[PDB]
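As structure tokens, the structure follows; a few thoughts come after it.
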Amino acid sequence: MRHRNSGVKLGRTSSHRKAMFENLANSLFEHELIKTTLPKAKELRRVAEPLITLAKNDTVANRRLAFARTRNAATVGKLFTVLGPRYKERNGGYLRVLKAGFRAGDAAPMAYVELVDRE
Amino acid sequence: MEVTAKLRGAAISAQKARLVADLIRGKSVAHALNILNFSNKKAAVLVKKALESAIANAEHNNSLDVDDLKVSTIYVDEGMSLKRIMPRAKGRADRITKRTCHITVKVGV
Amino acid sequence: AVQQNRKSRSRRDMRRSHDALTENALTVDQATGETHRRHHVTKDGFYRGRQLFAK
Amino acid sequence: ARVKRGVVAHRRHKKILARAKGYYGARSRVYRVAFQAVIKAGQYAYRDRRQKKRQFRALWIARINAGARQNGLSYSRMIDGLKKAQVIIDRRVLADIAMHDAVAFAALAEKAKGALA
RNA sequence: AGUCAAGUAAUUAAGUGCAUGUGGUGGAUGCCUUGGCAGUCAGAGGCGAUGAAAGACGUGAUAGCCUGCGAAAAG
RNA sequence: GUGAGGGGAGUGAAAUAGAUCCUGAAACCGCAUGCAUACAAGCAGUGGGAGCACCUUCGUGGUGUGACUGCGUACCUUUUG
RNA sequence: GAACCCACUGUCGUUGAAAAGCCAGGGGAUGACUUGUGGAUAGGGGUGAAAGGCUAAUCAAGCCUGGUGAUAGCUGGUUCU
RNA sequence: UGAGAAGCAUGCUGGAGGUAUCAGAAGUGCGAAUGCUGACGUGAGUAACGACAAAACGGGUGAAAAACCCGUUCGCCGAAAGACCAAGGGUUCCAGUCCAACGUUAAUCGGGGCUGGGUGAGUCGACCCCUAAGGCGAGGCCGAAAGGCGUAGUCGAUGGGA
RNA sequence: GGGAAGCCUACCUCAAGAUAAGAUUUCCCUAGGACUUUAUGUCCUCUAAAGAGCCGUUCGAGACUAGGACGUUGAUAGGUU
Ligand SMILES: [Mg+2]
Ligand SMILES: [Mg+2]
Ligand SMILES: [Mg+2]
Ligand SMILES: [Mg+2]
Ligand SMILES: [Mg+2]
Ligand SMILES: [Mg+2]
Ligand SMILES: [Mg+2]
Ligand SMILES: [Mg+2]
Ligand SMILES: [Mg+2]
Ligand SMILES: [Mg+2]
Ligand SMILES: [Mg+2]
Ligand SMILES: [Mg+2]
Ligand SMILES: [Mg+2]
Ligand SMILES: [Mg+2]
Ligand SMILES: [Mg+2]
Ligand SMILES: [Mg+2]
């Protein structure tokens with residue numbers, strides 16, 4: 001029974017799942033377009049969008065929090081200098097998840113994660 | 001009447017391939033190709049290869065138009081099976097059989 | 001536990017009678033005019049008037 | 001003088017399997033079951049060749065009784081009258097007439113009833 | 001012509017059973033021998049310190065194996 | 001897929017004689033046609049029996065299926081059984 | 001109390017990862033200690049701080065080849081009309 | 001067709017042997033022996049896909065990339081899951097090329113197939129000199145034969161010698 | 001006639017595969033040919049109704065199913081406030 005429960009497991013421990021989601025967020029912020037599995041893509045929003053929401057205000061405390069959550073100086077820099085001002089007047093919804101068939105390896109459903117205003 | 005095409009040594013069992021072969025029996029060539037392209041089964045690529053071979057043979061040798069063709073008959077036959085030995089616990093050994101099948105497709109009209 | 005008698009081919013086929021496959025939902029795209037899975041991105045990179053992987 | 005048992009054994013098995021066409025399951029494919037099936041069929045035929053006469057006689061008696069009760073009599077009384085009227089018609093022709101020719105059976109019943117009186 | 005009521009036919013096969021036609025795996029049968037088995041009639045009944053029986057390594061088609069041969073090495 | 005495999009052309013008396021190569025059976029596994037089958041209980045047959053489908057030397061005929069019905073608890077050994 | 005040797009309890013495993021194991025605990029750990037290499041003891045024999053224990057996954061008498069196609073008042077099977 | 005074991009004629013495949021009547025000899029008739037050999041079914045597309053640690057993304061080749069290559073992040077061992085000798089196995093070592101079979105999946109990858117290369121010693125080890133346990137043993141003692149023991153000797157490292 | 005925690009009703013749940021397959025309210029489908037074996041006959045031409053399903057966002061529903069809500073005429077899920 002998981003009535004009114006939010007979250008995923010993906011067959012991983014807490015630390016492995018957290019590190020994988022952080023790495024996925026960093027890769028997405030670096031390349032602006034990635035291809036992953038469907039549940040991972042749908043769960044990436046809840047960890048990616050709060051970072052962009054936090055980056056909308058440029059303060060020392062916000063920078064330190066973004067660094068503590070990302071652990072990447074280049075990512076924090078690119079975020080606060082590019083993605084913050086870009087989505088200044090947008091009320092959420094900075095990601096786009098599009099189904100892209102299945103993987104030829106294990107027939108797993110795939111999906112493209114994209115930014116709404118890239119390139 | 002019927003343009004035939006045979007694929008021997010499919011490296012798959014007949015029971016797993018009959019499930020895919022039952023889908024395209026009686027359909028047109030375009031619908032069958034569309035169904036086989038967007039499927040995730042393993043025997044689908046073999047059935048698609050056999051169907052494309054049959055269609056190409058019908059176009060080249062008999063000079064039949066492709067829009068009038070349809071999957072008239074299709075079936076799967078058993079083939080030679082390889083025998084291997086698998087070591088079990090307590091020194092026992094079991095016999096494993098790798099199965100193979102042939103696919104026959106005849107397109108008509 | 002193991003069976004006491006053989007299972008005739010009739011009962012085997014009656015049990016297998018639920019192993020039929022099903023087709024997918026394929027539609028013709030309005031922009032490219034190609035067959036594609038519904039609610040899925042076309043193999044070339046086009047979906048809903050937009051085009052990914054600009055070339 | 002070595003002798004091989006291929007041809008004659010194959011022919012015997014083929015004859016036995018051909019004598020058992022139409023059976024269900026292994027009774028039409030396996031020799032071990034087909035032999036027993038053929039033997040049982042032979043025994044059943046031997047018994048039914050005797051049972052058939054009783055079955056048909058019972059059918060004839062039932063039809064004659066129906067006709068006699070239609071003509072206001074019973075089977076026993078009509079048979080007794082026909083035996084007293086010196087009529088030697090068997091039950092087969094009587095049942096055939098009762099099923100097909102109603103006026104002839106009525107005349108026979110009238111003669112039997114007159115002989116009873 | 002139509003409503004209402006009562007009675008009563010035909011129509012389904014996800015699958016299966018039987019018969020026939022057409023195929024697959026499989027290597028029984030039929031035909032044949034390149035190999036064995038048992039004898040007759042004639043031989044011989046041994047090889048070796050001048051290095052025997054049995055082996056290792058080498059020698060040409062080109063790389064290997066089988067036969068032949070031994071740095072004079074299919075002579 | 002410069003793969004495997006197959007369809008044409010050609011050789012061959014013969015290619016379901018194509019190198020997994022004379023003939024090539026049974027168990028076992030597919031496809032097509034014909035009939036029956038989703039309210040009725042058991043060694044799965046036997047004696048009757050309506051209908052349906054193709055044949056015809058067009059029948060009180062042939063080939064398949066066969067609803068409904070009476071009867072019916074496998075084979076061999078060892079035992080009084 | 002570590003390496004090393006051993007195997008007292010429990011869980012799991014029992015067509016197992018393994019024809020004797022894993023994990024959590026446990027005992028000895030300067031000695032009657034553990035271990036490498038090379039030798040000796042051969043079957044009514046050897047060895048045994050002694051359990052009928054060990055002697056190539058086999059021990060109230062190891063394995064192989066011959067007598068040998070041992071014997072069985074016992075069990076099973078024994079084919080066309 | 002006959003009471004039976006069976007006989008006869010013929011449609012399709014097959015491509016070279018078969019054999020009347022009467023006599024003679026049998027390796028002369030299979031459904032069972034937890035019978036022997038080979039092939040194939042049910043279970044069933046079910047169980048299972050093998051300690052201590054974990055993976056994600058971008059690009060490349062390629063018919064096909066979760067497993068290959070390059071790069072960017074994460075995690076584990078570190079008295080070992082690191083680096084070497086002895087025993088043991090002989091090409092598994094390196095390069096090019098391939099995916100039929102092997103890899104408990106695919107594979108462009110490999111300790112897989114094919115082709116071509118690679119091991120350089122006065123100082124390392126072996127060989128050699130010497131010997132322990134032990135083996136063999138000229139003469140010799142004993143024993144039906146085979147043979148047993150053993151002296152002078154000769155071998156035998158796990159030891160000593162630049 | 002009286003007569004008990006006993007039986008049938010009464011209380012809660014399931015229930016028309018009850019093949020005896022029930023009832024009620026509403027909604028939908030009203031064209032042109034050929035042939036034969038003139039029959040809810042067989043082939044053609046022309047439309048696919050009311051609805052159901054496939055698919056997607058999902059659930060206080062759920063092993064897979066099934067069931068409930070929604071799909072630009074939208075607050076079904078995520079994000080933002
Ligand atoms: Mg929720
Ligand atoms: Mg040569
Ligand atoms: Mg009833
Ligand atoms: Mg019925
Ligand atoms: Mg009958
Ligand atoms: Mg201690
Ligand atoms: Mg015999
Ligand atoms: Mg037999
Ligand atoms: Mg018997
Ligand atoms: Mg299960
Ligand atoms: Mg990748
Ligand atoms: Mg090699
Ligand atoms: Mg290589
Ligand atoms: Mg190699
Ligand atoms: Mg001595
Ligand atoms: Mg010496």
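If you're wondering about the labels, chains in the structure tokens are A, B, ... by order shown, residues count from 1 in each chain, ligands from 1 in order shown.
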
Spatial neighbours of segment 73-84 of chain B, 8 Å, only C-alpha atoms (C1' of nucleotides), chain gap at least 3 places, as an NGL selection string: (:B and (9 or 13-14 or 17-18 or 21 or 25-26 or 95-107)) or (:E and (24-25)) or (:F and (29-31))

Closest pair table for chain F residues within 10 Å of ligand 9, only C-alpha atoms (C1' of nucleotides) and all ligand atoms, as CSV:
residue,atom,partner,partner_atom_place_in_ligand_line,distance
F:75,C1',ligand 9,1 (Mg),9.5
F:76,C1',ligand 9,1 (Mg),6.3
F:77,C1',ligand 9,1 (Mg),9.5

At most 12 Å from ligand 12 (only C-alpha atoms (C1' of nucleotides) and all ligand atoms): residue list as a PyMOL selection string: chain H and resi 90-93+111-114

For residue 32 of chain B, the nearest of the candidates B:66, B:71, B:93, B:109, counting only C-alpha atoms: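 Closest to residue 32 of chain B of all the choices is B:71.
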
Interface list for chain A, partner chain B, 9 Å threshold, only C-alpha atoms, as number ranges by chain: A: 101-102, 104, 107

Test item: residues lying within 12 Å of ligand 10 with only C-alpha atoms (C1' of nucleotides) and all ligand atoms, as a PyMOL selection string: (chain H and resi 44-48) or (chain I and resi 63)

Save out the residues we just selected, N, CA and C atoms (P, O5', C5', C4', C3', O3' and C1' of nucleotides), as a PDB file, in the first residue's frame.
ATOM      1  P     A H  44       5.034 -25.645 -16.418  1.00  0.00           P
ATOM      2  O5'   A H  44       4.668 -25.361 -17.942  1.00  0.00           O
ATOM      3  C5'   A H  44       4.424 -24.033 -18.393  1.00  0.00           C
ATOM      4  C4'   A H  44       5.169 -23.720 -19.668  1.00  0.00           C
ATOM      5  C3'   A H  44       4.746 -24.528 -20.894  1.00  0.00           C
ATOM      6  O3'   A H  44       4.906 -23.722 -22.061  1.00  0.00           O
ATOM      7  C1'   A H  44       7.029 -24.909 -20.454  1.00  0.00           C
ATOM      8  P     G H  45       3.668 -22.897 -22.666  1.00  0.00           P
ATOM      9  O5'   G H  45       4.360 -21.785 -23.574  1.00  0.00           O
ATOM     10  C5'   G H  45       4.751 -20.528 -23.029  1.00  0.00           C
ATOM     11  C4'   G H  45       6.007 -20.640 -22.200  1.00  0.00           C
ATOM     12  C3'   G H  45       6.648 -19.313 -21.796  1.00  0.00           C
ATOM     13  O3'   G H  45       7.242 -19.453 -20.507  1.00  0.00           O
ATOM     14  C1'   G H  45       8.197 -20.586 -23.032  1.00  0.00           C
ATOM     15  P     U H  46       7.459 -18.169 -19.567  1.00  0.00           P
ATOM     16  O5'   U H  46       7.581 -18.781 -18.102  1.00  0.00           O
ATOM     17  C5'   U H  46       6.425 -19.123 -17.352  1.00  0.00           C
ATOM     18  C4'   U H  46       6.742 -20.145 -16.292  1.00  0.00           C
ATOM     19  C3'   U H  46       8.023 -19.907 -15.506  1.00  0.00           C
ATOM     20  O3'   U H  46       7.844 -18.992 -14.438  1.00  0.00           O
ATOM     21  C1'   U H  46       7.923 -22.169 -16.208  1.00  0.00           C
ATOM     22  P     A H  47       9.050 -18.043 -13.962  1.00  0.00           P
ATOM     23  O5'   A H  47      10.079 -19.037 -13.259  1.00  0.00           O
ATOM     24  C5'   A H  47       9.840 -19.538 -11.952  1.00  0.00           C
ATOM     25  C4'   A H  47      10.924 -20.495 -11.521  1.00  0.00           C
ATOM     26  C3'   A H  47      12.327 -19.914 -11.414  1.00  0.00           C
ATOM     27  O3'   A H  47      12.554 -19.251 -10.181  1.00  0.00           O
ATOM     28  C1'   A H  47      12.401 -21.942 -12.624  1.00  0.00           C
ATOM     29  P     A H  48      13.365 -17.865 -10.132  1.00  0.00           P
ATOM     30  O5'   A H  48      14.760 -18.198 -10.827  1.00  0.00           O
ATOM     31  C5'   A H  48      15.748 -18.976 -10.165  1.00  0.00           C
ATOM     32  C4'   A H  48      16.852 -19.372 -11.112  1.00  0.00           C
ATOM     33  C3'   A H  48      17.633 -18.221 -11.729  1.00  0.00           C
ATOM     34  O3'   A H  48      18.679 -17.764 -10.888  1.00  0.00           O
ATOM     35  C1'   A H  48      16.965 -19.723 -13.429  1.00  0.00           C
TER      36        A H  48
ATOM     37  P     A I  63      -3.435  -6.054  -6.402  1.00  0.00           P
ATOM     38  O5'   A I  63      -2.288  -6.010  -7.508  1.00  0.00           O
ATOM     39  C5'   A I  63      -0.985  -5.541  -7.190  1.00  0.00           C
ATOM     40  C4'   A I  63       0.069  -6.228  -8.022  1.00  0.00           C
ATOM     41  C3'   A I  63      -0.108  -6.140  -9.530  1.00  0.00           C
ATOM     42  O3'   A I  63       0.389  -4.927 -10.067  1.00  0.00           O
ATOM     43  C1'   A I  63       0.365  -8.377  -8.913  1.00  0.00           C
TER      44        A I  63
END

All residues having an atom within 7 Å of ligand 15 (only C-alpha atoms (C1' of nucleotides) and all ligand atoms) as an MDAnalysis selection string: chainID H and resid 136:137 149:150

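All residues of protein, DNA or RNA that reach within 10 Å of residue 105 of chain H, judged by only C-alpha atoms (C1' of nucleotides) and not counting those fewer than 4 positions away in the chain, are residues 105 and 106 of chain A; 49 of chain H.
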
Write out the residues from the selection above, keeping N, CA and C atoms (P, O5', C5', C4', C3', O3' and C1' of nucleotides), as a PDB file, in the first residue's frame.
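What ended up in again.pdb:
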ATOM      1  N   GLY A 105      18.360  -2.318 -26.852  1.00  0.00           N
ATOM      2  CA  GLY A 105      19.072  -3.250 -25.993  1.00  0.00           C
ATOM      3  C   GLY A 105      18.140  -4.126 -25.175  1.00  0.00           C
ATOM      4  N   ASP A 106      17.210  -3.506 -24.445  1.00  0.00           N
ATOM      5  CA  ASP A 106      16.335  -4.234 -23.534  1.00  0.00           C
ATOM      6  C   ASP A 106      14.874  -3.819 -23.676  1.00  0.00           C
TER       7      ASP A 106
ATOM      8  P     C H  49      19.069 -16.207 -10.838  1.00  0.00           P
ATOM      9  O5'   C H  49      19.899 -15.972 -12.176  1.00  0.00           O
ATOM     10  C5'   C H  49      21.135 -16.635 -12.396  1.00  0.00           C
ATOM     11  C4'   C H  49      21.653 -16.380 -13.789  1.00  0.00           C
ATOM     12  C3'   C H  49      21.790 -14.919 -14.186  1.00  0.00           C
ATOM     13  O3'   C H  49      22.992 -14.332 -13.719  1.00  0.00           O
ATOM     14  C1'   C H  49      20.682 -16.104 -15.906  1.00  0.00           C
TER      15        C H  49
END

Kindly provide, as a PDB file with N, CA, C and O atoms (P, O5', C5', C4', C3', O3' and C1' of nucleotides), in the first residue's frame, all nucleotide and amino acid residues lying within 9 Å of ligand 2, counting only C-alpha atoms (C1' of nucleotides) and all ligand atoms.
ATOM      1  P     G E  60      62.324 -30.151 -47.967  1.00  0.00           P
ATOM      2  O5'   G E  60      61.921 -30.298 -49.509  1.00  0.00           O
ATOM      3  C5'   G E  60      61.439 -29.191 -50.268  1.00  0.00           C
ATOM      4  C4'   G E  60      60.475 -29.633 -51.348  1.00  0.00           C
ATOM      5  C3'   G E  60      59.052 -29.078 -51.230  1.00  0.00           C
ATOM      6  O3'   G E  60      58.899 -27.930 -52.056  1.00  0.00           O
ATOM      7  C1'   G E  60      59.005 -31.465 -51.335  1.00  0.00           C
ATOM      8  P     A E  61      57.485 -27.185 -52.265  1.00  0.00           P
ATOM      9  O5'   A E  61      56.698 -28.053 -53.356  1.00  0.00           O
ATOM     10  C5'   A E  61      56.145 -27.456 -54.529  1.00  0.00           C
ATOM     11  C4'   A E  61      54.638 -27.327 -54.452  1.00  0.00           C
ATOM     12  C3'   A E  61      54.118 -26.499 -53.280  1.00  0.00           C
ATOM     13  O3'   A E  61      53.951 -25.136 -53.636  1.00  0.00           O
ATOM     14  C1'   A E  61      53.058 -28.626 -53.288  1.00  0.00           C
ATOM     15  P     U E  62      55.150 -24.088 -53.441  1.00  0.00           P
ATOM     16  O5'   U E  62      55.715 -24.450 -51.996  1.00  0.00           O
ATOM     17  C5'   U E  62      55.788 -23.479 -50.965  1.00  0.00           C
ATOM     18  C4'   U E  62      54.434 -23.202 -50.360  1.00  0.00           C
ATOM     19  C3'   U E  62      54.286 -23.480 -48.877  1.00  0.00           C
ATOM     20  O3'   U E  62      54.852 -22.467 -48.068  1.00  0.00           O
ATOM     21  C1'   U E  62      52.388 -24.289 -50.044  1.00  0.00           C
ATOM     22  P     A E  63      55.896 -22.854 -46.912  1.00  0.00           P
ATOM     23  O5'   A E  63      55.007 -22.896 -45.592  1.00  0.00           O
ATOM     24  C5'   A E  63      54.546 -24.131 -45.067  1.00  0.00           C
ATOM     25  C4'   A E  63      53.385 -23.937 -44.125  1.00  0.00           C
ATOM     26  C3'   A E  63      52.979 -25.165 -43.324  1.00  0.00           C
ATOM     27  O3'   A E  63      53.782 -25.348 -42.173  1.00  0.00           O
ATOM     28  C1'   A E  63      51.055 -24.169 -44.274  1.00  0.00           C
ATOM     29  P     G E  64      54.123 -26.825 -41.647  1.00  0.00           P
ATOM     30  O5'   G E  64      52.806 -27.267 -40.868  1.00  0.00           O
ATOM     31  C5'   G E  64      52.731 -28.536 -40.239  1.00  0.00           C
ATOM     32  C4'   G E  64      51.308 -29.018 -40.123  1.00  0.00           C
ATOM     33  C3'   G E  64      51.119 -30.522 -40.234  1.00  0.00           C
ATOM     34  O3'   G E  64      51.358 -31.182 -39.005  1.00  0.00           O
ATOM     35  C1'   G E  64      49.544 -29.415 -41.616  1.00  0.00           C
TER      36        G E  64
END

Contacts to ligand 6 at 8 Å cut-off (only C-alpha atoms (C1' of nucleotides) and all ligand atoms) as an MDAnalysis selection string: chainID G and resid 1 28:29

Expected file: the selected residues, N, CA, C and O atoms (P, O5', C5', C4', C3', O3' and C1' of nucleotides), as a PDB file, in the first residue's frame:
ATOM      1  P     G G   1      40.430 -12.627  23.625  1.00  0.00           P
ATOM      2  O5'   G G   1      41.209 -11.884  22.451  1.00  0.00           O
ATOM      3  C5'   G G   1      40.866 -10.562  22.061  1.00  0.00           C
ATOM      4  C4'   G G   1      41.942  -9.945  21.204  1.00  0.00           C
ATOM      5  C3'   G G   1      42.191 -10.614  19.861  1.00  0.00           C
ATOM      6  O3'   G G   1      41.272 -10.206  18.863  1.00  0.00           O
ATOM      7  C1'   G G   1      44.252 -10.272  20.954  1.00  0.00           C
ATOM      8  P     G G  28      41.059 -19.789  24.021  1.00  0.00           P
ATOM      9  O5'   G G  28      42.203 -20.514  23.181  1.00  0.00           O
ATOM     10  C5'   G G  28      42.721 -21.773  23.585  1.00  0.00           C
ATOM     11  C4'   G G  28      43.737 -22.299  22.601  1.00  0.00           C
ATOM     12  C3'   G G  28      44.935 -21.404  22.329  1.00  0.00           C
ATOM     13  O3'   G G  28      45.941 -21.499  23.322  1.00  0.00           O
ATOM     14  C1'   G G  28      44.057 -22.177  20.281  1.00  0.00           C
ATOM     15  P     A G  29      46.688 -20.177  23.848  1.00  0.00           P
ATOM     16  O5'   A G  29      47.391 -19.582  22.548  1.00  0.00           O
ATOM     17  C5'   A G  29      48.452 -20.276  21.907  1.00  0.00           C
ATOM     18  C4'   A G  29      48.662 -19.785  20.497  1.00  0.00           C
ATOM     19  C3'   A G  29      49.302 -18.414  20.353  1.00  0.00           C
ATOM     20  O3'   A G  29      50.713 -18.458  20.462  1.00  0.00           O
ATOM     21  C1'   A G  29      47.413 -18.555  18.942  1.00  0.00           C
TER      22        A G  29
END

Residues within 10 Å of ligand 7, counting only C-alpha atoms (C1' of nucleotides) and all ligand atoms, as a PyMOL selection string: (chain D and resi 2-5) or (chain G and resi 79) or (chain H and resi 27-30)

Exercise answer, chain C residues close to chain D, 12 Å and only C-alpha atoms, as a ChimeraX atom specification: /C:6-11

How would the residues just picked look written out with C-alpha atoms as a CSV table (one decimal), in the first residue's frame?
chain,number,residue,atom,x,y,z
C,6,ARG,CA,0.9,-36.4,-20.0
C,7,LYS,CA,-1.0,-33.2,-21.0
C,8,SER,CA,-2.6,-33.7,-24.4
C,9,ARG,CA,-1.9,-31.2,-27.1
C,10,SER,CA,-5.5,-30.1,-26.9
C,11,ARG,CA,-5.1,-28.8,-23.4

Which of chain C DSSP labels alpha helix (DSSP H), written as a ChimeraX atom specification: /C:9-16

Filtering to C-alpha atoms, could you give me those residues as a PDB file, in the first residue's frame?
ATOM      1  CA  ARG C   9      -1.919 -31.222 -27.137  1.00  0.00           C
ATOM      2  CA  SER C  10      -5.543 -30.062 -26.923  1.00  0.00           C
ATOM      3  CA  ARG C  11      -5.143 -28.768 -23.363  1.00  0.00           C
ATOM      4  CA  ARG C  12      -1.770 -27.259 -24.287  1.00  0.00           C
ATOM      5  CA  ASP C  13      -3.310 -25.306 -27.164  1.00  0.00           C
ATOM      6  CA  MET C  14      -6.290 -24.320 -25.001  1.00  0.00           C
ATOM      7  CA  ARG C  15      -3.857 -22.846 -22.479  1.00  0.00           C
ATOM      8  CA  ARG C  16      -1.822 -21.130 -25.222  1.00  0.00           C
TER       9      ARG C  16
END

Test item: chain F residues at most 10 Å from chain B, counting only C-alpha atoms (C1' of nucleotides), as a PDB file with C-alpha atoms (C1' of nucleotides), in the first residue's frame:
ATOM      1  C1'   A F   4      23.734 -16.387 -43.845  1.00  0.00           C
ATOM      2  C1'   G F   5      19.660 -17.536 -46.817  1.00  0.00           C
ATOM      3  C1'   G F   6      16.435 -17.267 -51.082  1.00  0.00           C
ATOM      4  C1'   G F   7      14.231 -16.076 -56.157  1.00  0.00           C
ATOM      5  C1'   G F   8      15.557 -15.860 -61.551  1.00  0.00           C
ATOM      6  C1'   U F  20      23.362 -30.808 -43.984  1.00  0.00           C
ATOM      7  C1'   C F  29       5.610 -29.980 -35.217  1.00  0.00           C
ATOM      8  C1'   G F  30       2.849 -26.066 -39.088  1.00  0.00           C
ATOM      9  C1'   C F  31      -0.501 -24.305 -43.094  1.00  0.00           C
ATOM     10  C1'   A F  32      -5.450 -24.842 -46.164  1.00  0.00           C
TER      11        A F  32
END
